[PDB]
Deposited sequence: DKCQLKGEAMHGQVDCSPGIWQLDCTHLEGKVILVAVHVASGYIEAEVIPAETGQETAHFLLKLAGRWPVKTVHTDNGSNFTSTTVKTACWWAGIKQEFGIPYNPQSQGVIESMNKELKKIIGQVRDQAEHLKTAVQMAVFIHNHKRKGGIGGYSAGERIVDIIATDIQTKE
């Protein structure tokens, strides 16, 4: 797919919210644990994603996530326009005992996912570099 398309979804585990961003063309994931599934957390996360990768268009399985003016302001400032969460949840379960906090197990699970094989981490850099 196009190199600037990202998928953004909020999932739940242990009573906390896990925001999962997926680079559609590569399978590359960035994920964070947020306290609440609010528009302010989504806006701030989008600003972070956009500063690290060339984010052009964002998709979601729950359109209502993108309705807050807060989110829309983040998309506006960064120039952003408008399946996988089980694989990551699978990895999280496997490594969960290796960490006290869920946020730590998530980052461990993002590490494993992006580096297993090319790997998602290798694909995204190639796709983005090729487009450059």
{"query": "Unmodelled ranges, which are counted on the deposited sequence from position 1 and given in order", "finding": "1-15, 98-112, 148-153, 169-172"}
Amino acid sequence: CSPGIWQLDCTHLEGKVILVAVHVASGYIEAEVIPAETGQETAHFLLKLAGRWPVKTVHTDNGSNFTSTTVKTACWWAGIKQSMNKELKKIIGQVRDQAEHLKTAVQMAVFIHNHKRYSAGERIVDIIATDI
From here on, numbers count along this sequence of modelled residues.
| item | value |
| --- | --- |
| Entry-level comparison of average CA B-factors, 93-101 and 71-79, reporting the higher stretch | 93-101 |
| 118-126 set against 105-113, stretch whose average Cα temperature factor tops the other in the entry | 118-126 |
| 47, 84, 55, 29, ranked by C-alpha B-factor: the highest one | 84 |
| Chain-relative CA temperature factor third for residue 24 | middle |
| Modelled-residue ranking by C-alpha temperature factor, third containing residue 8 | lowest |
| Residue 88, C-alpha B-factor rank within chain (lowest, middle or highest third) | highest |
| CA B-factor placement of residue 33, once the chain's modelled residues are sorted into thirds | middle |
